[PDB]
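Protein sequences, first through last, are from chains P and X.
My numbering puts the first residue of the first sequence at 408, with every later residue one more than the last.
My numbering puts the first residue of the second sequence at 45, with every later residue one more than the last.
Cβ coordinates follow ideal geometry from the N, Cα and C atoms, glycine included.
Inspection log for the structure reproduced underneath, given as structure tokens.
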Amino acid sequence: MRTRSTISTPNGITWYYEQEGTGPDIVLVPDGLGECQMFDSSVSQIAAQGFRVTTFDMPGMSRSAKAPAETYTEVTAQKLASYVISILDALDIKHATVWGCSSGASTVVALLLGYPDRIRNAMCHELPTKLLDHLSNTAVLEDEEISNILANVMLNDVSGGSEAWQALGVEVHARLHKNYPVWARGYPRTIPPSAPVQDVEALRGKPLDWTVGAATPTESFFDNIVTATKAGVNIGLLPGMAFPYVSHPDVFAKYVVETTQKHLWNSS
Amino acid sequence: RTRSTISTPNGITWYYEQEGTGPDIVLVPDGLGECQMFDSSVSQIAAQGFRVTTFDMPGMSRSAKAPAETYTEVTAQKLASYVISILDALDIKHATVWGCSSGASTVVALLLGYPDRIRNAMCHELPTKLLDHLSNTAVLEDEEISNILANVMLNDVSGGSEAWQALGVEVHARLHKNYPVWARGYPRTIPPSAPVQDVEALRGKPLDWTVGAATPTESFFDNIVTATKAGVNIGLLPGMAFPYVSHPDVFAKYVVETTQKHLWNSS
Ligand SMILES: C[C@H]1CCC[C@@H](O)CCC/C=C/c2cc(O)cc(O)c2C(=O)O1
Ligand SMILES: C[C@H]1CCC[C@@H](O)CCC/C=C/c2cc(O)cc(O)c2C(=O)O1
């Protein structure tokens, strides 16, 4: 039942993408690691509730690595938003519900403010608004040190379930190995200052549902909870940390289905 | 530093410590009721021109001589009246107050209930939700409550296992006796008594709110939402529930700078 293919956009990207189901469109935008295999279990469960679910590897990452250096260096929310609009255009998806975590969160808030005709509703999780010294310092190391550093962060620190992280399998971890240096050089220095949450009055009234990981240290996304509350945006918790779609895929799929159904009710 | 006892008309015999001269700062303990956790910070705060007072809480540690009403069905409003009682006995008429956990509930009830006595309040990690796993501990035997909660404090909420163990055997022996008292008196009655149900009563008050930097987001998520809705200053301290144990110099600086900010805004 699942389409696994490639499609080329006039910005020079050859995207790897996957697609399952029929009904209203839901688009799962990956985190900075740009790896859409992490959504595998959830794509099926969500599509089974009467939706067409699309996801993709992000430009320069995993199977979407045939792309111009412009698409994976000095990356901003506003760039990533324009690239997602290009693949939606190429797949004839006119109106979409969107999910994003981390740099994906910045992207989906950028899609909702920048292309409101295209976005039914956005789900953002743990939107990075602060430069982090220790992530930025990795950008200057050698490829194999970055990979060994960030691989152990993901496994031991921020996976929110190391068993489920490992069970992604050898083939996934070999793609992630290659993505770590690309991400370290292109993302942590430029993503946070691009965060589209400078203007709280721009967020008020929009179809946005904001989450943070229940197990994440409070300091990491404290700023997200303050901004959502000041803007009157629905803000809540998912289990786990930065990868609820890996650590708790059934709770993640249920959240995406119920949030989308609530906005289909309020459309009508 | 004065280390002494004092009796109040409500039948509590308080153990208390007091150091320095200048405007009054009162350090209210967390639910475990042990004021030795403030020992280093009391000196640093007092050296900056303050009179610093702390005390063991009713029925805990060296304030154990007290009526059973003082450590059963405990609410913020009850603890607020007992703090006022020892403040009256020490002739402290205007004070800055710190409190963590059930202490945080106490200092917000102090600020609302007795506005003429309280210059400003610092509240840390105010418990607003019943926790079934904590409520259920109270119906076990003493020695299994102590073994269990001694382990929770160290591994889950200390925010610094080495500084927690460095408190020493004398302190850990008092905590050992306190756990059953705390288990039976606090976790089932403190959260429903949280004085944060009315957001509008908080707006414009001299209240400074913190949460622990390393605490899981789910624990005090509700505090950040409430503070933000009421326009109350909300920020972080390093560690978890015991910043005065895990990061005592950062704790002292926070208490001094907050109090100095409110002395300026007074005049
Ligand atoms: C891929 C996830 C890793 C989650 C670990 C995550 O817990 C590491 C700390 C939080 C920051 C994530 C982040 C920061 C940036 O400046 C840019 C980004 O693209 C991310 C990001 O997408 O991070
Ligand atoms: C002893 C402190 C810190 C305990 C760890 C503390 O971080 C355990 C989880 C947070 C709740 C603490 C708590 C809850 C209540 O219902 C009543 C209370 O008096 C407390 C309380 O004072 O907790």
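Cβ of residue i within 6 Å of any heavy atom in ligand 1?
| i | result |
| --- | --- |
| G256 of chain X | no |
| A635 of chain P | no |
| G439 of chain P | yes |
| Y594 of chain P | yes |
| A649 of chain P | yes |
| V565 of chain P | yes |
| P588 of chain P | no |
Report back the beta-carbon spacing between residue i and residue j to the nearest angstrom; my notes put them in contact at under 8 Å.
| i | j | result |
| --- | --- | --- |
| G620 of chain P | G567 of chain P | 6 Å |
| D68 of chain X | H138 of chain X | 6 Å |
| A512 of chain P | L534 of chain P | 4 Å |
| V294 of chain X | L281 of chain X | 7 Å |
| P603 of chain P | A484 of chain P | 6 Å |
| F94 of chain X | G64 of chain X | 5 Å |
| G283 of chain X | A258 of chain X | 6 Å |
| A182 of chain X | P231 of chain X | 7 Å |
| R470 of chain P | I492 of chain P | About 20 Å; that fails the 8 Å criterion. |
| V70 of chain X | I136 of chain X | 7 Å |
| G143 of chain X | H177 of chain X | About 23 Å separates the two Cβ atoms, so there is no contact after all. |
| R527 of chain P | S675 of chain P | In fact, because the Cβ distance is near 12 Å, the residues do not count as touching under 8 Å. |
Taking 6 Å as the cut-off, is the C-beta of residue i nearer than that to any heavy atom in ligand 2?
| i | result |
| --- | --- |
| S205 of chain X | no |
| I56 of chain X | no |
| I234 of chain X | yes |
| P466 of chain P | no |
| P171 of chain X | yes |
| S145 of chain X | yes |
List the residues that DSSP assigns as beta-bridge partners of residue i.
| i | result |
| --- | --- |
| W422 of chain P | P:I414 |
| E427 of chain P | P:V460 |
| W226 of chain X | In the DSSP output, where bridge partners are listed per residue, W226 of chain X has none listed. |
| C531 of chain P | P:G507, P:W617 |
| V436 of chain P | P:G507 |
| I162 of chain X | X:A139 |
| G279 of chain X | X:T254 |
| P260 of chain X | P:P624 |
Would you report the Cα separation of residue i and residue j, rounded to the nearest angstrom?
| i | j | result |
| --- | --- | --- |
| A529 of chain P | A574 of chain P | 29 Å |
| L557 of chain P | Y587 of chain P | 7 Å |
| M104 of chain X | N267 of chain X | 27 Å |
| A497 of chain P | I414 of chain P | 7 Å |
| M465 of chain P | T261 of chain X | 29 Å |
| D438 of chain P | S509 of chain P | 5 Å |
| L123 of chain X | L487 of chain P | 54 Å |
| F286 of chain X | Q62 of chain X | 21 Å |
| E117 of chain X | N191 of chain X | 23 Å |
| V141 of chain X | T97 of chain X | 10 Å |
| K613 of chain P | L495 of chain P | 21 Å |
| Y126 of chain X | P159 of chain X | 16 Å |
| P235 of chain X | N418 of chain P | 56 Å |
| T416 of chain P | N277 of chain X | 48 Å |
| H291 of chain X | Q88 of chain X | 13 Å |
| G643 of chain P | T618 of chain P | 5 Å |
| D606 of chain P | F628 of chain P | 18 Å |
| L175 of chain X | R228 of chain X | 14 Å |
| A207 of chain X | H670 of chain P | 50 Å |
| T233 of chain X | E552 of chain P | 52 Å |
| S412 of chain P | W590 of chain P | 24 Å |
| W308 of chain X | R45 of chain X | 27 Å |
| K537 of chain P | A455 of chain P | 38 Å |
| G212 of chain X | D186 of chain X | 21 Å |
| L519 of chain P | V560 of chain P | 31 Å |
| request: Please determine if the stretch 112 to 125 of chain X and the stretch 57 to 65 of chain X are in contact, where contact requires at least 3 C-beta pairs separated by less than 8 Å. | output: no
| task | Could you tell me whether the stretch 443 to 456 of chain P touches the stretch 544 to 564 of chain P, where touching means 3 or more Cβ pairs closer than 8 Å? | result | no
| query | Would the stretch 579 to 597 of chain P and the stretch 432 to 442 of chain P be scored as touching if the rule is three or more Cβ pairs under 8 Å? | reply | yes
| task | Could you tell me whether the stretch 662 to 671 of chain P touches the stretch 623 to 638 of chain P, where touching means 3 or more Cβ pairs closer than 8 Å? | result | no
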